Amino acid sequence: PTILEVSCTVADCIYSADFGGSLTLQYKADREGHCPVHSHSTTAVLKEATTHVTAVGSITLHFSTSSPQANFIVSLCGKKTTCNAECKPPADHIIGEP
Amino acid sequence: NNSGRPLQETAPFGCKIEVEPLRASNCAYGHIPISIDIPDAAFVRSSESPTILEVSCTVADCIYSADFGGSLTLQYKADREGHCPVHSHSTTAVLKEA
Numbered sequence: 294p295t296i297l298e299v300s301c302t303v304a305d306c307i308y309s310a311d312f313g314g315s316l317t318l319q320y321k322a323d324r325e326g327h328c329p330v331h332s333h334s335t336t337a338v339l340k341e342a343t344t345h346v347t348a349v350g351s352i353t354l355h356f357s358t359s360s361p362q363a364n365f366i367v368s369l370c371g372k373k374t375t376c377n378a379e380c381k382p383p384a385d386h387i388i389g390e391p
Numbered sequence: 245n246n247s248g249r250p251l252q253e254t255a256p257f258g259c260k261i262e263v264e265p266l267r268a269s270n271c272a273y274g275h276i277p278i279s280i281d282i283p284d285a286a287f288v289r290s291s292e293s294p295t296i297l298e299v300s301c302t303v304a305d306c307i308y309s310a311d312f313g314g315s316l317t318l319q320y321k322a323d324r325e326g327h328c329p330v331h332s333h334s335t336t337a338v339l340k341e342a
């Protein structure tokens, strides 16, 4: 399924080792399938890899970033959209994760 | 004979003076800073609680008072049925429902 029109709306985000960022992709596609989602930046990584895509709807995804600002392109079945955000400093000081 | 009035009828801020031990109960004054470490079990990731695509607010007739005399309506669009919390981030407004 090659999606037709997708847009990105980013919720509260934070730059830390843990997955302290969330966003939503509002998509309009043509078939029910298993589209692969990805991040096209070196300073952001998603949690989910393959997401069930419907005809029209939304998908919520998580991400971790190292930049103070989320200024990164997310790709869904090839279609690219630039997510613009503003991530605050982390609340914690130390983590048990890399 | 010249004892005057007791402190029960003169203590400001409406603090009820009680004895054994001497103390003032329900003395409403100032603010207290409270730091709460909420357990990690209560929190849930954003992918479970239904994010809402958009919300529009329409305020009905209101009177600024102590009682919950003001009303409003929120037109919401979401992707799933859930139990969302509602808050007012202004200092001069509070909500009956949370």
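Chains as they are written, first to last, in the entry's author numbering: chain A, 294 to 391; chain N, 245 to 342. For each residue, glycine too, the CB sits at the ideal point set by N, CA and C.
Item	Value
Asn270 of chain N, enclosing beta strand (DSSP E) - first and last residue	Neither: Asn270 of chain N is in no beta strand (DSSP E) and is coded neither H nor E.
Residue-chain proximity (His355 of chain A, chain N), Cβ-Cβ < 8 Å	yes
Cβ contact (3+ pairs, closer than 8 Å) linking the region 376-390 of chain A and the region 357-368 of chain A	yes
Touching by the beta-carbon criterion (3+ pairs, under 8 Å), the region 322-336 of chain A and the region 367-375 of chain A	yes
Residues in the region 293-309 of chain N having any Cβ partner in chain A nearer than 8 Å	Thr295 and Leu297
Pairwise C-alpha distance: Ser300 of chain N and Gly326 of chain N	18 Å
For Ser309 of chain N and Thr353 of chain A, believed in contact at Cβ under 8 Å, the rounded distance	The Cβ separation is near 40 Å, so there is no contact.
Whether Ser315 of chain A touches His355 of chain A by CB criterion (8 Å)	yes
Sequence-distant residues of the same chain with beta carbon closer than 8 Å to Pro294 of chain A, five excluded per side	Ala322, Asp323, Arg324, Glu325, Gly326, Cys328, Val346 and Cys370
Buried versus exposed call for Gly248 of chain N [16 or more other C-beta atoms within 10 Å across all chains shown]	exposed
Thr375 of chain A, buried or exposed, once every other Cβ within 10 Å from all chains shown has been counted against 16	exposed
Length of the line joining the Cα atoms of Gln319 of chain A and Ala304 of chain A	13 Å
Contact set for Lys260 of chain N: own chain, Cβ-Cβ below 6 Å, skip 5 residues either direction	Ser269 and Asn270
Buried versus exposed, by CB contacts within 10 Å (16 or more), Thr343 of chain A	exposed
Cβ-Cβ separation, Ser357 of chain A to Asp311 of chain A (assumed contact under 8 Å), whole Å	7 Å
Within chain A, the residues that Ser291 of chain N reaches when beta carbons sit closer than 7 Å	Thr353 and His355
Residues of the region 308-334 of chain A whose Cβ lies closer than 8 Å to any Cβ of chain N, in chain order	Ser315, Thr317 and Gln319
Any beta strand (DSSP E) of 3 or more consecutive residues that is wholly inside the region 303-332 of chain A	314-321 and 330-332
Residue burial classification, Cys306 of chain N (beta-carbon count within 10 angstroms, cutoff 16)	exposed
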